[PDB]
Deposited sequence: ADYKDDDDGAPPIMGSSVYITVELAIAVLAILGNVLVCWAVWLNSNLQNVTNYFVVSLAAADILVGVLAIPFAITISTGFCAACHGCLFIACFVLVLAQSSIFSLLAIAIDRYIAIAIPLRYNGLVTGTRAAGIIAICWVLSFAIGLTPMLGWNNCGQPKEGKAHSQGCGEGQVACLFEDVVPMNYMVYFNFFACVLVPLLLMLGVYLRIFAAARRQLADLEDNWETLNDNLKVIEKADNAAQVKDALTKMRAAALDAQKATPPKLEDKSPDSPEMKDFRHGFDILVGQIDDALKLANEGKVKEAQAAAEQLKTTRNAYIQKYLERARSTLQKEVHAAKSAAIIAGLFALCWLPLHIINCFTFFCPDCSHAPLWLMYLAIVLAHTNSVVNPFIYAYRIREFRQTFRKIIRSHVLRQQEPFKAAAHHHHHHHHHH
């Protein structure tokens, strides 16, 4: 069958993906630019990721269309056409890893997050990661390429000129680079690091939530202990455990509530130390008023903040997982090409499918933000309506 027919389907699909990648990710950038509620360090990496995806549509997809034709080119110019998409994928990986680390810092040390993770430092990190992405993705242009061993028969058959090759991805980019350096070292290892970070994020959230509930139960259990105590020493034991737990939960209406709680524990402790059991128990009963009016409100707000962090971490993890799902088939095919020379090469239609799937990753993030983050979804609606 004429190659232009199957080429037409592949090219049409690539162009459709390019349009959608541009439109959706331009919308992401317009949303962060316009909405100050979206202007935080996490979303600066989101914007960097959306910029990489815009460039997939503007440059990498036109380059992929071009390299599918095998047109005659100087080999090093062919290399750039071949490898620029690896720059964008590498930049995406750095942004994804940054987002993961950012959410870990926010959940593990929220008291020093704002002083540690700043906008100026983030912009510097983004710049360094773009430079590193060019270095990693264009490493074949530094000499790790097949330009020294051109396919002269293929070039002659296509009428290429002297010093030119048929510009095809697997003819110029070495597969050992693609498998060992790009895939294993530069893609698989960072994705596994992201997995580790997300595992630590969710474990940290679950621990802080058993801790919030454990302190709440300890407060209520020790109150019952005081009510049914029969001597001052038992009242004293329970209050001492309550006092240490109250300060542990303390680490304007928030501070006042815990100021009342500790002060009321101290009142009952002094009565308990005087052997006045009934008076200490009555003073300890006043703690329930503070618990209902203040402490329970702090417990439901701390729980609410943690659940929103879990939700935001899951949204980011879905983005990272979709990157892996969209890119792994192409990398896995390269592994079969490289590691199994006795295996027939993956057919051309499957190569095209795996390439298109990798590009489709540049469409999906705007949808995840719209469905999972209300501030983005609402800002998307205002932009579209207006």
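**Request:** Compare what was deposited with what's modelled and send me the C-alpha-less stretches, numbered from 1.
**Result:** Going by the record, the segments left unmodelled (no C-alpha atoms) fall at 1-9, 261-276, 412-434.
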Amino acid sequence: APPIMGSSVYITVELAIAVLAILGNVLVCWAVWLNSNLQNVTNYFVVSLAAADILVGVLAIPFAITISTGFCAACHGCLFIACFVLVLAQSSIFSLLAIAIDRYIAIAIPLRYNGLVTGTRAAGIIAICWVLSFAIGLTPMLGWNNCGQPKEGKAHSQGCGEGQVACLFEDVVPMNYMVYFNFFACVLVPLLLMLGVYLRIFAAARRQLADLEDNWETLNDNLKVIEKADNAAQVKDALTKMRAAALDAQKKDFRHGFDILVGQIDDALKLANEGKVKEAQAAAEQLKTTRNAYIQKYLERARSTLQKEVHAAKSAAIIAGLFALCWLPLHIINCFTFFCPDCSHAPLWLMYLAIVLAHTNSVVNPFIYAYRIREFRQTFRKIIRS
From here on, numbers count along this sequence of modelled residues.
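Basically, rigid core = biggest C-alpha set you can superpose within 1.5 Å across the two forms.
**Message:** Given a rigid core fit, name the stretch, 228-236 or 128-136, whose C-alphas are on average farther from the form shown here in 7 other deposited structures of this protein.
**Reply:** Comparing 228-236 with 128-136, the larger C-alpha deviation in 7 other deposited structures of this protein belongs to 228-236.
**Request:** Would you mind comparing 50-58 and 33-41 for me and telling me which has the higher average C-alpha temperature factor in the entry?
**Result:** Mean CA B-factor is higher for 33-41.
**Prompt:** Per the PDB record, is the mean Cα temperature factor higher over 145-153 or over 258-266?
**Reply:** Looking at the recorded C-alpha B-factors, 258-266 comes out higher on average.
**Asked** Which listed residue, 129, 212, 136, 199, has the largest C-alpha temperature factor in the record?
**Response** The C-alpha B-factor peaks, among 129, 212, 136, 199, at 212.
**Request:** Go through 103, 76, 251, 314 one by one and give the residue whose Cα B-factor in the PDB entry is largest.
**Result:** When the deposited C-alpha B-factors of 103, 76, 251, 314 are compared, 251 is largest.
**Request:** Would you please rank residue 123 by its C-alpha temperature factor against the other modelled residues of its chain and give the third it falls in: lowest, middle or highest?
**Result:** Residue 123: CA B-factor falls in the middle third of its chain.
**Prompt:** Mind checking which third residue 71 falls in for C-alpha B-factor across the chain?
**Reply:** Its C-alpha B-factor, which the entry lists for residue 71, ranks in the middle third among residues of this chain.
**Message:** Could you place residue 10 in the lowest, middle or highest third of its chain by Cα temperature factor, using the values in the record?
**Reply:** Its C-alpha B-factor belongs to the lowest third of this chain's values.
**Request:** Check where residue 194 lands among this chain's C-alpha B-factors and tell me if it's the lowest, middle or highest third.
**Result:** Ranked within chain, residue 194 CA B lands in the middle tercile.
**Asked** Lowest, middle or highest third of the chain for the C-alpha temperature factor of residue 223?
**Response** Within its chain, residue 223 is a highest-third residue by C-alpha B-factor, going by the deposited values.
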